[PDB]
Amino acid sequence: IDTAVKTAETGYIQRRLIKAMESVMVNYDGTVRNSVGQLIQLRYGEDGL
DNA sequence: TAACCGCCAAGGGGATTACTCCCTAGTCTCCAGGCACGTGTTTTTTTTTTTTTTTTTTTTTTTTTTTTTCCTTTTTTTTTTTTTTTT
């Protein structure tokens with residue numbers, strides 16, 4: 001029952017999470033930006049690694 | 001049974017006369033509360049914007065793959081041809 005029930009909302013959460021960050025991009029200056037170019041992080045993971 | 005009347009006796013105080021005196025009527029003269037006029041500052045009414053809960057709407061529901069079965073109209077009204085009866 002626990003295997004059958006929660007896996008619908010698990011896949012829905014995975015699809016929602018992959019749709020929200022589908023264009024969060026590391027650029028050539030080391031910064032992290034989305035599709036519109038808004039700055040999210042100056043370095044990826046706050047260390048650029 | 002004592003109201004009432006008649007008779008008699010006694011006394012108490014209101015009316016009268018005179019003297020006084022003192023308080024108010026009258027008349028100036030100054031001035032101040034009583035009153036006519038204007039208005040107020042609270043009270044009610046009305047708007048105004050928000051608040052808070054209720055109700056309604058809308059959108060969503062892991063992915064991939066392989067087999068069958070049933071259905072993919074249907075009754076209901078209108079039209080048009082055919083057949084039978086009559087003069």
# chains A, B, ... in the order shown; residues from 1 in each chain; ligands from 1

call {"tool": "residues_around", "arguments": {"residues": "residue 14 (chain A)", "least_positions_apart": "5", "cutoff": "9 Å", "atoms": "only C-alpha atoms (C1' of nucleotides)", "output": "PyMOL selection string"}}
result
(chain A and resi 9+19) or (chain B and resi 62)

call {"tool": "interface_residues", "arguments": {"of": "chain A", "to": "chain B", "cutoff": "12 Å", "atoms": "only C-alpha atoms (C1' of nucleotides)", "output": "PDB file with N, CA and C atoms, in the first residue's frame"}}
result
ATOM      1  N   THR A   3       3.937   1.457  -1.036  1.00  0.00           N
ATOM      2  CA  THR A   3       4.599   1.540  -2.334  1.00  0.00           C
ATOM      3  C   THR A   3       3.662   2.100  -3.400  1.00  0.00           C
ATOM      4  N   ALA A   4       2.386   1.708  -3.365  1.00  0.00           N
ATOM      5  CA  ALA A   4       1.458   2.095  -4.422  1.00  0.00           C
ATOM      6  C   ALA A   4       0.939   3.523  -4.280  1.00  0.00           C
ATOM      7  N   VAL A   5       0.764   4.017  -3.054  1.00  0.00           N
ATOM      8  CA  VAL A   5       0.015   5.259  -2.866  1.00  0.00           C
ATOM      9  C   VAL A   5       0.883   6.483  -3.147  1.00  0.00           C
ATOM     10  N   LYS A   6       2.043   6.586  -2.494  1.00  0.00           N
ATOM     11  CA  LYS A   6       2.798   7.835  -2.495  1.00  0.00           C
ATOM     12  C   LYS A   6       3.530   8.111  -3.803  1.00  0.00           C
ATOM     13  N   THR A   7       3.666   7.119  -4.686  1.00  0.00           N
ATOM     14  CA  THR A   7       4.498   7.289  -5.872  1.00  0.00           C
ATOM     15  C   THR A   7       3.855   8.182  -6.929  1.00  0.00           C
ATOM     16  N   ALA A   8       2.546   8.432  -6.842  1.00  0.00           N
ATOM     17  CA  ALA A   8       1.929   9.423  -7.716  1.00  0.00           C
ATOM     18  C   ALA A   8       2.372  10.832  -7.341  1.00  0.00           C
ATOM     19  N   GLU A   9       2.295  11.164  -6.050  1.00  0.00           N
ATOM     20  CA  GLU A   9       2.703  12.489  -5.602  1.00  0.00           C
ATOM     21  C   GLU A   9       4.214  12.657  -5.667  1.00  0.00           C
ATOM     22  N   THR A  10       4.964  11.557  -5.555  1.00  0.00           N
ATOM     23  CA  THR A  10       6.414  11.608  -5.724  1.00  0.00           C
ATOM     24  C   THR A  10       6.791  11.998  -7.149  1.00  0.00           C
ATOM     25  N   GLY A  11       6.151  11.369  -8.138  1.00  0.00           N
ATOM     26  CA  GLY A  11       6.399  11.732  -9.523  1.00  0.00           C
ATOM     27  C   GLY A  11       5.902  13.122  -9.869  1.00  0.00           C
ATOM     28  N   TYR A  12       4.777  13.533  -9.270  1.00  0.00           N
ATOM     29  CA  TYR A  12       4.279  14.894  -9.470  1.00  0.00           C
ATOM     30  C   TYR A  12       5.241  15.928  -8.891  1.00  0.00           C
ATOM     31  N   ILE A  13       5.804  15.643  -7.713  1.00  0.00           N
ATOM     32  CA  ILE A  13       6.787  16.521  -7.089  1.00  0.00           C
ATOM     33  C   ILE A  13       8.059  16.582  -7.928  1.00  0.00           C
ATOM     34  N   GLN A  14       8.480  15.438  -8.485  1.00  0.00           N
ATOM     35  CA  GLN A  14       9.661  15.406  -9.348  1.00  0.00           C
ATOM     36  C   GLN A  14       9.452  16.213 -10.627  1.00  0.00           C
ATOM     37  N   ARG A  15       8.272  16.091 -11.247  1.00  0.00           N
ATOM     38  CA  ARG A  15       7.979  16.855 -12.457  1.00  0.00           C
ATOM     39  C   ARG A  15       7.874  18.349 -12.168  1.00  0.00           C
ATOM     40  N   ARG A  16       7.263  18.712 -11.035  1.00  0.00           N
ATOM     41  CA  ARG A  16       7.170  20.116 -10.651  1.00  0.00           C
ATOM     42  C   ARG A  16       8.545  20.704 -10.356  1.00  0.00           C
TER      43      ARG A  16
END

call {"tool": "residues_around", "arguments": {"residues": "residue 49 (chain A)", "least_positions_apart": "2", "cutoff": "12 Å", "atoms": "only C-alpha atoms (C1' of nucleotides)", "output": "list in words"}}
result
residues 26, 30, 31, 42, 43, 44, 45, 46 and 47 of chain A

call {"tool": "write_last_selection", "arguments": {"atoms": "N, CA, C and O atoms", "output": "tab-separated table (two decimals), in the first residue's frame"}}
result
chain	number	residue	atom	x	y	z
A	26	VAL	N	24.55	27.89	-15.12
A	26	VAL	CA	25.86	28.44	-14.79
A	26	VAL	C	26.46	29.05	-16.05
A	26	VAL	O	26.60	28.37	-17.07
A	30	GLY	N	31.03	32.50	-14.02
A	30	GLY	CA	30.93	31.80	-12.76
A	30	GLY	C	29.65	32.02	-12.01
A	30	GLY	O	29.43	31.37	-10.98
A	31	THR	N	28.78	32.91	-12.49
A	31	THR	CA	27.53	33.22	-11.81
A	31	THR	C	26.45	32.21	-12.19
A	31	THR	O	26.58	31.44	-13.14
A	42	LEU	N	26.18	33.99	-7.03
A	42	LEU	CA	27.42	34.48	-7.62
A	42	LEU	C	28.36	33.33	-7.96
A	42	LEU	O	29.16	33.44	-8.90
A	43	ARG	N	28.30	32.24	-7.20
A	43	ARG	CA	29.05	31.03	-7.50
A	43	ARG	C	28.15	29.83	-7.21
A	43	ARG	O	27.29	29.89	-6.33
A	44	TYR	N	28.36	28.75	-7.96
A	44	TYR	CA	27.53	27.56	-7.81
A	44	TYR	C	27.89	26.84	-6.51
A	44	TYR	O	29.04	26.45	-6.31
A	45	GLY	N	26.89	26.68	-5.65
A	45	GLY	CA	27.12	26.10	-4.34
A	45	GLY	C	27.89	26.99	-3.40
A	45	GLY	O	28.48	26.49	-2.43
A	46	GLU	N	27.92	28.30	-3.68
A	46	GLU	CA	28.64	29.34	-2.95
A	46	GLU	C	30.15	29.13	-2.91
A	46	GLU	O	30.84	29.78	-2.12
A	47	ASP	N	30.69	28.25	-3.76
A	47	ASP	CA	32.13	28.09	-3.88
A	47	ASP	C	32.60	27.91	-5.32
A	47	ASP	O	33.81	27.86	-5.55
